[PDB]
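Here's the structure, in C-alpha cells; my notes come after.
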Amino acid sequence: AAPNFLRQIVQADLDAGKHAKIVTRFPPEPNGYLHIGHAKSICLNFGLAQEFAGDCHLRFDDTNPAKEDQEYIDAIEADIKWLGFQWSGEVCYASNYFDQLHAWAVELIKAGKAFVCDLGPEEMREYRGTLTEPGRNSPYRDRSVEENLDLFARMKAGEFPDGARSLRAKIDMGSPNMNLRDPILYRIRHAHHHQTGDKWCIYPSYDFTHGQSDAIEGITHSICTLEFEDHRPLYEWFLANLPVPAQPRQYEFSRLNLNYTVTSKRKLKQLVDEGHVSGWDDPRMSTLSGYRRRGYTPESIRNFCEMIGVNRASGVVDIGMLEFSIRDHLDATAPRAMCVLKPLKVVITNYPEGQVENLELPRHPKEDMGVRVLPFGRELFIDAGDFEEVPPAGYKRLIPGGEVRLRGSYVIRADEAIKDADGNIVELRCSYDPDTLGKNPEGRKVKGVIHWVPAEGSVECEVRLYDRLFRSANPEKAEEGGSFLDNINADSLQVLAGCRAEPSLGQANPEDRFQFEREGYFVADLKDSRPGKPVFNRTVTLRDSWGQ
Ligand SMILES: [Cl-]
C-alpha cells in the first residue's frame, strides 16, 4: 500500500519512452545468516526486477578470504528461494572479478590516480582527520608512477607481510567527505580464499569492489541502505575514472527497523552461543530460517514488505504489522482444526458406550477445502480451562449444572466433577442434549462454544507456545550496568506435553499450517514432525495481545 520510490523511478523511464530492461542485484557477504531486515532488500531487488520484467542477480560479496563461505552461501540461496524469488543467470561472486579489479587498479596508478602508501595504522588514522578537521597527504602520495607500479606488483607477488603497505586512490585529503580522503583500494593479507584459494595475497576494499562489480554485471539500479549514502561520491568517482563497461546508478533506501527486534550479528551470536535460543533457526529468532520454522509464510513476508513500502526516511516499524500479516494470510488460507492443549477427560453419561457418530466439520468457513471427520462418543477431551467450579464474572464456558456448545457438535451439561485425593478435577461427567446437533435448544440459551476432541482417536502431541523473544520495544536499550539480555521475554516459550489433537492432525505433514480453534495459528515443525506424529509451533495468536 505504501509508496515505493524506486518503482516510480522505473515507471518514469517507461513513461518517457525508455525501453531498457532493469538489472538489479542482491549482494550479501557470505558471512552471516539473513534476517527479517534482509527480506526487505530481497523483496525490493528481486521484486522490482519481476514487476518490470528485468533481471536481478544474486551476488556474493566474497572479497574477503574466509573459511566458512559455503555454509552461508547455501543458507542465503535457500532463504531467497523460500521467499519465492529466482536470480537471473548464474550466481555471481565478487571474487570472479579479481583479475579485472587488479587491472583497473593498475590503470589508476598509471593515470596518477592511485599510489602505494606505507603508513602504519596509527599514522593512517591520524593523517585521516575528521569530518571537521581536514586530513593530511600521505608522505608517499607523490611516489612516481614507476615506483607505484613496482611496489604494487611486488605486493601482488607476495613480497611483503600483512599490513606492510596498501594501494590508495589519490583523491582529496581535504574533502568534507571522508570516503574521498585517499581511500584504501588494496590490503595485503596472506589468507586462503574460499573461491580463489591461495592465488591472491592482495584483496580489494568494499568501495573498490562495489560499483565496479555493478558495472561488470551491467547493473542499472544499484540499491543499498542509507548507511552507504555518503559513499555515493566515491562510487561515482571510480566510474568516472575507470574504463568501465557500464554506468550503474546507486539508490539508497531506509533499512527495516522493526521494534521488539535484534538483528545485529554480534547480539544474535550471543543469543545463540549462550543458549538463550535453540540455534539460529529458533522460531523466536529474527532470522529468515527462524521465521520459516515459526510458520510464517513467504506470502506473509512479501505482503508485509509491500505494505511498508520503500522510502528514504528512517523510522521504526511496529512488529505488530508483521504479526498482522501472517494472521491475515492464515485466516484466509489455513485449514481449521481442534487441538486440546490442557486436556480434561469428559464422559458423556447418556452416550451409549461403544457407539460413535462421525461428525463432519468444514476445514474452512469460506474456502472449498473439504471436511475433517470428528468421531463423537462417550469419551472426549476438553480444555481444563473451559470448566470452572467458581467462575469469574463474564465466564462463558462450563460451570456446574451449566451448559456449553461443543463446536460442530452437541450442547453438553456439566453434571459431576470427579476429583482425586488432592482436589484436582480429573474427570468431568456431562450429559448431552441429542436434539441439539446443528440446532439451538428450545426455550433456553447457551452462552459459549468450546473446542474438543474424541478421546479415542485423538493424537497425543507436543505443542510449543511461542511469543516475542523480547518484552520491550527497543531491547538493545538497557539500564546502566545492564544489557539487552535483561529485556528477554521469560514467556517467549512454553512447551506443552500431552496435548490432544483431533484425529485429522495425525495426517499432518511437516510445515502444514492450521488455525487451532480458540488457540491460534500453528505449524507442524519442519524438523521435529514425523509421519503420524506432528510437533506444533504456535506461529501467531488469533488476535493481538501486545497492543502498540
Ligand atoms: Cl573495506
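Residues are referred to by chain and number: the chain letter is A, B, ... according to the order shown in the C-alpha cells, the number counts from 1 in that chain, and ligands are numbered separately from 1 in the order shown.
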To check your reading of the model: which residues sit at most 8 Å from ligand 1 when counting only C-alpha atoms and all ligand atoms? Write the answer as a ChimeraX atom specification. /A:184,204-207
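Using only C-alpha atoms for every distance, the candidate list A:143, A:19, A:255, A:471 yields A:255 as the residue closest to residue 308 (chain A).
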Go through region 205-446 of chain A and collect every residue that DSSP, computed from the backbone, puts in alpha helix (DSSP H); the answer should be as a compact mmCIF listing (two decimals) with C-alpha atoms, in the first residue's frame.
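The resulting file, out-v7.txt, is reproduced below:
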# COMPACT_ATOMS: atom_id res chain seq x y z
CA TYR A 206 34.43 -2.75 -0.23
CA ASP A 207 34.35 0.50 -2.18
CA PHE A 208 36.79 -0.58 -4.86
CA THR A 209 34.74 -3.76 -5.42
CA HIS A 210 31.17 -2.43 -5.10
CA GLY A 211 30.43 -0.21 -8.08
CA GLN A 212 32.99 -1.98 -10.25
CA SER A 213 31.18 -5.29 -9.69
CA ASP A 214 27.97 -3.48 -10.64
CA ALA A 215 29.49 -2.20 -13.91
CA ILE A 216 30.90 -5.60 -14.86
CA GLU A 217 27.41 -7.13 -14.35
CA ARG A 232 27.97 7.57 -3.39
CA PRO A 233 30.53 10.26 -4.34
CA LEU A 234 33.26 7.59 -4.19
CA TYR A 235 31.07 5.08 -6.04
CA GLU A 236 30.73 7.72 -8.75
CA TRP A 237 34.42 8.72 -8.68
CA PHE A 238 35.50 5.20 -9.63
CA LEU A 239 33.02 5.03 -12.53
CA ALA A 240 34.25 8.38 -13.83
CA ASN A 241 37.94 7.42 -13.61
CA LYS A 265 25.24 -10.06 14.14
CA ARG A 266 27.05 -9.87 17.49
CA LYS A 267 23.94 -9.87 19.69
CA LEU A 268 22.34 -12.67 17.65
CA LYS A 269 25.52 -14.70 18.15
CA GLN A 270 25.40 -14.20 21.90
CA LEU A 271 21.74 -15.30 22.00
CA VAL A 272 22.73 -18.50 20.22
CA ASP A 273 26.14 -19.17 21.77
CA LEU A 288 14.55 -15.93 7.90
CA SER A 289 15.21 -19.56 8.88
CA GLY A 290 13.66 -18.78 12.27
CA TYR A 291 10.66 -17.06 10.67
CA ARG A 292 10.07 -20.05 8.41
CA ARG A 293 10.34 -22.56 11.24
CA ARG A 294 7.96 -20.37 13.24
CA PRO A 298 6.62 -16.46 2.14
CA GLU A 299 3.37 -14.63 1.22
CA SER A 300 3.08 -13.02 4.65
CA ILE A 301 6.63 -11.66 4.41
CA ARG A 302 6.24 -10.38 0.85
CA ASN A 303 2.86 -8.83 1.81
CA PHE A 304 4.44 -7.11 4.80
CA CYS A 305 7.31 -5.76 2.66
CA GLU A 306 4.79 -4.48 0.12
CA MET A 307 2.70 -2.81 2.85
CA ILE A 308 5.53 -0.81 4.43
CA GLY A 320 2.54 -5.93 15.07
CA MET A 321 2.32 -5.14 11.35
CA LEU A 322 4.27 -8.30 10.60
CA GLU A 323 2.25 -10.34 13.09
CA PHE A 324 -0.89 -9.00 11.42
CA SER A 325 0.41 -10.06 8.03
CA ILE A 326 0.76 -13.74 8.95
CA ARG A 327 -2.53 -13.61 10.91
CA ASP A 328 -4.24 -12.21 7.80
CA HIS A 329 -2.75 -14.76 5.39
CA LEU A 330 -3.52 -17.78 7.58
CA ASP A 331 -7.02 -16.53 8.44
CA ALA A 332 -7.68 -16.60 4.70
CA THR A 333 -5.78 -19.71 3.66
Secondary structure check, strand (DSSP E or B) residues of region 397-477 of chain A, as JSON, numbers by chain: {"A": [398, 403, 404, 405, 406, 411, 412, 413, 414, 415, 416, 417, 418, 419, 425, 426, 427, 428, 429, 430, 431, 432, 433, 449, 450, 453, 454, 459, 460, 461, 462, 463, 464, 465, 466, 470]}
Shortest contact to residue 278 (chain A), candidates A:256, A:493, A:48, A:106, atoms counted only C-alpha atoms, goes to A:493
When you look at region 512-529 of chain A with a cut-off of 9 Å (counting only C-alpha atoms), what residues show up, excluding the ones that are within fewer than 2 positions of it in the same chain? I need them as an mmCIF file with N, CA, C and O atoms, in the first residue's frame.
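Full text of selection.cif as output:
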data_model
loop_
_atom_site.group_PDB
_atom_site.id
_atom_site.type_symbol
_atom_site.label_atom_id
_atom_site.label_comp_id
_atom_site.auth_asym_id
_atom_site.auth_seq_id
_atom_site.Cartn_x
_atom_site.Cartn_y
_atom_site.Cartn_z
ATOM 1 N N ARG A 292 10.643 -18.895 9.094
ATOM 2 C CA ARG A 292 10.074 -20.048 8.407
ATOM 3 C C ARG A 292 9.681 -21.164 9.381
ATOM 4 O O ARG A 292 8.591 -21.741 9.296
ATOM 5 N N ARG A 293 10.587 -21.482 10.290
ATOM 6 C CA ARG A 293 10.336 -22.560 11.237
ATOM 7 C C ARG A 293 9.202 -22.183 12.193
ATOM 8 O O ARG A 293 8.438 -23.040 12.641
ATOM 9 N N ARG A 294 9.088 -20.895 12.478
ATOM 10 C CA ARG A 294 7.959 -20.371 13.241
ATOM 11 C C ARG A 294 6.614 -20.623 12.558
ATOM 12 O O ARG A 294 5.574 -20.688 13.223
ATOM 13 N N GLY A 295 6.626 -20.745 11.236
ATOM 14 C CA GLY A 295 5.397 -20.937 10.485
ATOM 15 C C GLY A 295 4.972 -19.769 9.604
ATOM 16 O O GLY A 295 3.961 -19.864 8.896
ATOM 17 N N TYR A 296 5.729 -18.670 9.622
ATOM 18 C CA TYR A 296 5.428 -17.575 8.698
ATOM 19 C C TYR A 296 5.497 -18.118 7.274
ATOM 20 O O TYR A 296 6.275 -19.030 6.986
ATOM 21 N N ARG A 327 -1.159 -13.426 10.452
ATOM 22 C CA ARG A 327 -2.527 -13.615 10.910
ATOM 23 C C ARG A 327 -3.507 -13.519 9.727
ATOM 24 O O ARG A 327 -4.377 -14.379 9.542
ATOM 25 N N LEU A 330 -3.062 -16.479 7.095
ATOM 26 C CA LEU A 330 -3.520 -17.780 7.584
ATOM 27 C C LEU A 330 -5.028 -17.790 7.872
ATOM 28 O O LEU A 330 -5.694 -18.817 7.689
ATOM 29 N N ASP A 331 -5.570 -16.657 8.305
ATOM 30 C CA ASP A 331 -7.016 -16.532 8.436
ATOM 31 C C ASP A 331 -7.664 -16.928 7.117
ATOM 32 O O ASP A 331 -8.613 -17.703 7.089
ATOM 33 N N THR A 333 -6.264 -18.563 4.433
ATOM 34 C CA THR A 333 -5.784 -19.707 3.662
ATOM 35 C C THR A 333 -5.615 -21.009 4.445
ATOM 36 O O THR A 333 -5.632 -22.086 3.845
ATOM 37 N N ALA A 334 -5.473 -20.933 5.766
ATOM 38 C CA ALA A 334 -5.158 -22.135 6.545
ATOM 39 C C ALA A 334 -6.401 -22.953 6.967
ATOM 40 O O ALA A 334 -7.419 -22.391 7.367
ATOM 41 N N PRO A 335 -6.308 -24.294 6.893
ATOM 42 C CA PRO A 335 -7.402 -25.160 7.352
ATOM 43 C C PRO A 335 -7.571 -25.102 8.855
ATOM 44 O O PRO A 335 -6.582 -24.879 9.573
ATOM 45 N N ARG A 336 -8.799 -25.312 9.315
ATOM 46 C CA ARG A 336 -9.133 -25.287 10.738
ATOM 47 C C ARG A 336 -9.026 -26.668 11.360
ATOM 48 O O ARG A 336 -9.259 -27.683 10.697
ATOM 49 N N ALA A 337 -8.682 -26.703 12.642
ATOM 50 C CA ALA A 337 -8.634 -27.957 13.373
ATOM 51 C C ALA A 337 -8.723 -27.669 14.858
ATOM 52 O O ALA A 337 -8.582 -26.528 15.288
ATOM 53 N N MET A 338 -8.977 -28.708 15.640
ATOM 54 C CA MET A 338 -9.124 -28.546 17.081
ATOM 55 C C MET A 338 -8.023 -29.309 17.777
ATOM 56 O O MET A 338 -7.765 -30.466 17.460
ATOM 57 N N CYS A 339 -7.359 -28.647 18.718
ATOM 58 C CA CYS A 339 -6.319 -29.294 19.495
ATOM 59 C C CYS A 339 -6.495 -28.855 20.940
ATOM 60 O O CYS A 339 -6.528 -27.656 21.232
ATOM 61 N N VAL A 340 -6.651 -29.819 21.836
ATOM 62 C CA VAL A 340 -6.884 -29.508 23.243
ATOM 63 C C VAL A 340 -5.534 -29.460 23.945
ATOM 64 O O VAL A 340 -4.850 -30.476 24.043
ATOM 65 N N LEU A 341 -5.132 -28.279 24.407
ATOM 66 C CA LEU A 341 -3.766 -28.104 24.893
ATOM 67 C C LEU A 341 -3.602 -28.597 26.325
ATOM 68 O O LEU A 341 -2.543 -29.111 26.686
ATOM 69 N N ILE A 450 -17.017 -24.235 22.787
ATOM 70 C CA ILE A 450 -15.637 -24.660 23.030
ATOM 71 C C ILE A 450 -15.209 -25.743 22.050
ATOM 72 O O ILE A 450 -16.043 -26.463 21.490
ATOM 73 N N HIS A 451 -13.896 -25.866 21.862
ATOM 74 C CA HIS A 451 -13.347 -26.951 21.075
ATOM 75 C C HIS A 451 -13.216 -28.203 21.938
ATOM 76 O O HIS A 451 -13.356 -28.154 23.166
ATOM 77 N N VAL A 463 3.184 -29.407 21.899
ATOM 78 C CA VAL A 463 2.865 -28.108 21.340
ATOM 79 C C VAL A 463 3.746 -27.062 22.012
ATOM 80 O O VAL A 463 3.794 -26.965 23.246
ATOM 81 N N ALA A 508 -1.038 -34.735 9.466
ATOM 82 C CA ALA A 508 -0.330 -33.501 9.162
ATOM 83 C C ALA A 508 1.104 -33.816 8.757
ATOM 84 O O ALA A 508 1.757 -34.686 9.345
ATOM 85 N N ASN A 509 1.584 -33.105 7.744
ATOM 86 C CA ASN A 509 2.955 -33.243 7.265
ATOM 87 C C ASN A 509 3.776 -32.046 7.708
ATOM 88 O O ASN A 509 3.203 -31.006 7.999
ATOM 89 N N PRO A 510 5.113 -32.180 7.734
ATOM 90 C CA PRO A 510 5.940 -31.027 8.123
ATOM 91 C C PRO A 510 5.590 -29.764 7.325
ATOM 92 O O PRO A 510 5.389 -29.837 6.108
ATOM 93 N N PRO A 531 6.044 -38.690 10.424
ATOM 94 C CA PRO A 531 4.745 -39.181 9.955
ATOM 95 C C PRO A 531 3.903 -39.739 11.092
ATOM 96 O O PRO A 531 4.394 -40.543 11.889
ATOM 97 N N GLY A 532 2.658 -39.285 11.173
ATOM 98 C CA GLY A 532 1.750 -39.697 12.228
ATOM 99 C C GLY A 532 1.902 -38.919 13.520
ATOM 100 O O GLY A 532 0.984 -38.895 14.342
ATOM 101 N N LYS A 533 3.053 -38.266 13.690
ATOM 102 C CA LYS A 533 3.363 -37.566 14.941
ATOM 103 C C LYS A 533 3.915 -36.161 14.711
ATOM 104 O O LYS A 533 5.123 -35.942 14.813
ATOM 105 N N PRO A 534 3.033 -35.200 14.412
ATOM 106 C CA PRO A 534 3.458 -33.803 14.292
ATOM 107 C C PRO A 534 3.870 -33.198 15.628
ATOM 108 O O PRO A 534 3.415 -33.648 16.668
ATOM 109 N N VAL A 535 4.744 -32.201 15.582
ATOM 110 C CA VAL A 535 5.040 -31.335 16.725
ATOM 111 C C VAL A 535 4.643 -29.940 16.273
ATOM 112 O O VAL A 535 5.047 -29.516 15.188
ATOM 113 N N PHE A 536 3.838 -29.229 17.056
ATOM 114 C CA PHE A 536 3.296 -27.959 16.566
ATOM 115 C C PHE A 536 3.956 -26.757 17.233
ATOM 116 O O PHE A 536 4.207 -26.765 18.432
ATOM 117 N N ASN A 537 4.257 -25.739 16.428
ATOM 118 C CA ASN A 537 4.722 -24.452 16.919
ATOM 119 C C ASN A 537 3.586 -23.448 16.781
ATOM 120 O O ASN A 537 2.964 -23.355 15.716
ATOM 121 N N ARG A 538 3.322 -22.667 17.815
ATOM 122 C CA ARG A 538 2.395 -21.558 17.620
ATOM 123 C C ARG A 538 3.054 -20.444 16.825
ATOM 124 O O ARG A 538 4.064 -19.860 17.255
ATOM 125 N N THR A 539 2.467 -20.152 15.671
ATOM 126 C CA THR A 539 3.008 -19.189 14.720
ATOM 127 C C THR A 539 2.671 -17.793 15.206
ATOM 128 O O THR A 539 3.541 -16.920 15.298
ATOM 129 N N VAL A 540 1.395 -17.603 15.532
ATOM 130 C CA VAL A 540 0.889 -16.325 15.984
ATOM 131 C C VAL A 540 -0.437 -16.583 16.701
ATOM 132 O O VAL A 540 -1.113 -17.564 16.409
ATOM 133 N N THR A 541 -0.799 -15.732 17.653
ATOM 134 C CA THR A 541 -2.091 -15.872 18.338
ATOM 135 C C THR A 541 -3.244 -15.434 17.423
ATOM 136 O O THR A 541 -3.014 -14.771 16.416
ATOM 137 N N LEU A 542 -4.483 -15.784 17.772
ATOM 138 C CA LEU A 542 -5.635 -15.392 16.953
ATOM 139 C C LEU A 542 -5.792 -13.885 16.843
ATOM 140 O O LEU A 542 -6.198 -13.358 15.809
ATOM 141 N N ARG A 543 -5.487 -13.192 17.930
ATOM 142 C CA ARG A 543 -5.654 -11.751 17.984
ATOM 143 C C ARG A 543 -4.494 -11.123 18.738
ATOM 144 O O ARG A 543 -3.849 -11.777 19.553
#
Here CA of residue 81 (chain A) and CA of residue 367 (chain A) stand apart by 27.6 Å
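Counting only C-alpha atoms, the residue from A:138, A:263, A:409, A:472 that sits nearest to residue 38 (chain A) is A:263.
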Please provide the set of residues having any atom within 10 Å of region 382-390 of chain A, restricted to only C-alpha atoms, with same-chain residues fewer than 5 positions apart removed, written as a PyMOL selection string. chain A and resi 339-346+395-402+404+406+414+417+425-428+448-455+499-500
Expected file: the selected residues, C-alpha atoms, as an mmCIF file, in the first residue's frame:
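Result written to out-v5.cif:
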data_model
loop_
_atom_site.group_PDB
_atom_site.id
_atom_site.type_symbol
_atom_site.label_atom_id
_atom_site.label_comp_id
_atom_site.auth_asym_id
_atom_site.auth_seq_id
_atom_site.Cartn_x
_atom_site.Cartn_y
_atom_site.Cartn_z
ATOM 1 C CA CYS A 339 -6.319 -29.294 19.495
ATOM 2 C CA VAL A 340 -6.884 -29.508 23.243
ATOM 3 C CA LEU A 341 -3.766 -28.104 24.893
ATOM 4 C CA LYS A 342 -4.628 -28.867 28.536
ATOM 5 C CA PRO A 343 -6.827 -31.946 28.330
ATOM 6 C CA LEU A 344 -9.582 -32.750 30.778
ATOM 7 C CA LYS A 345 -11.300 -36.122 30.358
ATOM 8 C CA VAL A 346 -15.047 -35.884 29.707
ATOM 9 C CA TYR A 395 -17.317 -16.609 32.132
ATOM 10 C CA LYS A 396 -18.979 -18.249 29.140
ATOM 11 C CA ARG A 397 -17.771 -21.865 29.280
ATOM 12 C CA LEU A 398 -18.819 -24.815 31.515
ATOM 13 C CA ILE A 399 -19.867 -24.389 35.157
ATOM 14 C CA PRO A 400 -21.556 -26.902 37.497
ATOM 15 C CA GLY A 401 -25.125 -27.544 36.289
ATOM 16 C CA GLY A 402 -24.427 -25.308 33.266
ATOM 17 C CA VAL A 404 -21.790 -25.258 26.675
ATOM 18 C CA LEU A 406 -19.191 -28.319 21.575
ATOM 19 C CA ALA A 414 -21.601 -30.372 33.421
ATOM 20 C CA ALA A 417 -16.808 -33.156 38.611
ATOM 21 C CA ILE A 425 -10.544 -32.361 38.751
ATOM 22 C CA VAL A 426 -9.601 -35.467 36.772
ATOM 23 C CA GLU A 427 -12.915 -36.169 35.036
ATOM 24 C CA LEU A 428 -15.952 -34.154 34.090
ATOM 25 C CA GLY A 448 -20.452 -20.320 24.863
ATOM 26 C CA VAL A 449 -18.783 -22.614 22.337
ATOM 27 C CA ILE A 450 -15.637 -24.660 23.030
ATOM 28 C CA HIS A 451 -13.347 -26.951 21.075
ATOM 29 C CA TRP A 452 -12.997 -30.623 21.939
ATOM 30 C CA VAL A 453 -11.600 -33.903 20.586
ATOM 31 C CA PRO A 454 -12.634 -37.543 20.878
ATOM 32 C CA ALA A 455 -10.533 -39.419 23.438
ATOM 33 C CA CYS A 499 -1.749 -32.218 24.099
ATOM 34 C CA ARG A 500 -4.673 -33.927 22.316
#
Near-residue 175 (chain A) list (12 Å; only C-alpha atoms; drop same-chain fewer than 3 positions) as a compact mmCIF listing (two decimals) with N, CA, C and O atoms, in the first residue's frame:
# COMPACT_ATOMS: atom_id res chain seq x y z
N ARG A 128 44.20 10.74 8.59
CA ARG A 128 42.85 10.76 8.04
C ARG A 128 42.04 11.99 8.43
O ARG A 128 41.26 12.51 7.63
N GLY A 129 42.22 12.46 9.66
CA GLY A 129 41.47 13.60 10.15
C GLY A 129 40.03 13.25 10.49
O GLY A 129 39.70 12.08 10.69
N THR A 130 39.17 14.27 10.56
CA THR A 130 37.78 14.10 10.95
C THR A 130 36.87 14.91 10.04
O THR A 130 37.35 15.68 9.21
N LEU A 131 35.55 14.74 10.20
CA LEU A 131 34.56 15.48 9.42
C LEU A 131 34.77 16.99 9.50
O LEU A 131 34.47 17.72 8.56
N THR A 132 35.28 17.45 10.64
CA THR A 132 35.52 18.86 10.87
C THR A 132 36.99 19.24 10.65
O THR A 132 37.29 20.37 10.26
N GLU A 133 37.90 18.30 10.91
CA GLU A 133 39.33 18.56 10.77
C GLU A 133 39.91 17.85 9.54
O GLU A 133 40.00 16.63 9.52
N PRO A 134 40.31 18.63 8.52
CA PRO A 134 40.84 18.11 7.25
C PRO A 134 42.05 17.20 7.44
O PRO A 134 42.85 17.41 8.34
N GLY A 135 42.17 16.18 6.58
CA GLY A 135 43.26 15.23 6.69
C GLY A 135 44.57 15.74 6.11
O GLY A 135 44.65 16.89 5.67
N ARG A 136 45.59 14.88 6.11
CA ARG A 136 46.89 15.25 5.58
C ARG A 136 47.36 14.24 4.54
O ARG A 136 47.12 13.04 4.67
N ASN A 137 48.04 14.74 3.51
CA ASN A 137 48.60 13.87 2.48
C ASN A 137 49.61 12.89 3.06
O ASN A 137 50.49 13.28 3.84
N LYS A 170 44.06 8.30 -5.17
CA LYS A 170 44.58 9.63 -4.91
C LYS A 170 43.47 10.64 -5.21
O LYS A 170 43.26 11.02 -6.37
N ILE A 171 42.75 11.06 -4.17
CA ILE A 171 41.61 11.94 -4.39
C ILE A 171 41.81 13.27 -3.66
O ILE A 171 42.43 14.17 -4.20
N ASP A 172 41.30 13.40 -2.43
CA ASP A 172 41.39 14.68 -1.72
C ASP A 172 41.32 14.53 -0.19
O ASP A 172 40.24 14.34 0.38
N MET A 178 34.59 11.92 3.98
CA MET A 178 35.68 11.09 4.47
C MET A 178 36.09 10.00 3.47
O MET A 178 37.25 9.62 3.44
N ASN A 179 35.15 9.52 2.66
CA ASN A 179 35.43 8.44 1.72
C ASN A 179 36.28 8.92 0.54
O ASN A 179 36.82 8.11 -0.22
N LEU A 180 36.38 10.23 0.37
CA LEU A 180 37.20 10.75 -0.72
C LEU A 180 38.62 11.05 -0.25
O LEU A 180 39.46 11.52 -1.02
N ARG A 181 38.91 10.78 1.02
CA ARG A 181 40.24 11.07 1.56
C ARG A 181 41.19 9.89 1.32
O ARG A 181 41.50 9.12 2.23
N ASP A 182 41.64 9.79 0.07
CA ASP A 182 42.54 8.72 -0.40
C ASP A 182 42.19 7.36 0.19
O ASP A 182 42.95 6.80 0.98
N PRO A 183 41.02 6.83 -0.19
CA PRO A 183 40.58 5.55 0.38
C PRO A 183 41.46 4.39 -0.05
O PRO A 183 41.97 4.38 -1.18
N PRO A 233 29.50 9.52 -3.60
CA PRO A 233 30.53 10.26 -4.34
C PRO A 233 31.74 9.41 -4.73
O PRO A 233 32.31 9.61 -5.79
N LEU A 234 32.13 8.46 -3.88
CA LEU A 234 33.26 7.59 -4.19
C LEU A 234 32.86 6.54 -5.23
O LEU A 234 33.61 6.26 -6.16
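We find CA of residue 4 (chain A) and CA of residue 286 (chain A) to be spaced 24.0 Å apart.
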Record the distance separating CA of residue 374 (chain A) and CA of residue 360 (chain A), expressed in Å with one decimal.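 CA of residue 360 (chain A) lies 6.1 Å from CA of residue 374 (chain A).
Using only C-alpha atoms for every distance, the candidate list A:446, A:277, A:226, A:242 yields A:277 as the residue closest to residue 489 (chain A).
Close contacts of residue 469 (chain A), defined as residues with an atom at most 9 Å away when counting only C-alpha atoms, with chain neighbours fewer than 2 positions off set aside, comprise residues 260, 261, 277, 284, 285, 466, 467, 471, 487, 488, 489, 490, 491, 492 and 493 of chain A.
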Counting only C-alpha atoms, what is within 9 Å of residue 25 (chain A), bar same-chain residues fewer than 6 positions away, as a list in words?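 What passes the distance filter is residues 42, 45, 46, 55, 56, 57, 58, 59, 87, 214, 219, 221, 222 and 223 of chain A.
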Which of these, A:411, A:44, A:347, A:124, has the shortest distance to residue 435 (chain A) once you count only C-alpha atoms? A:411
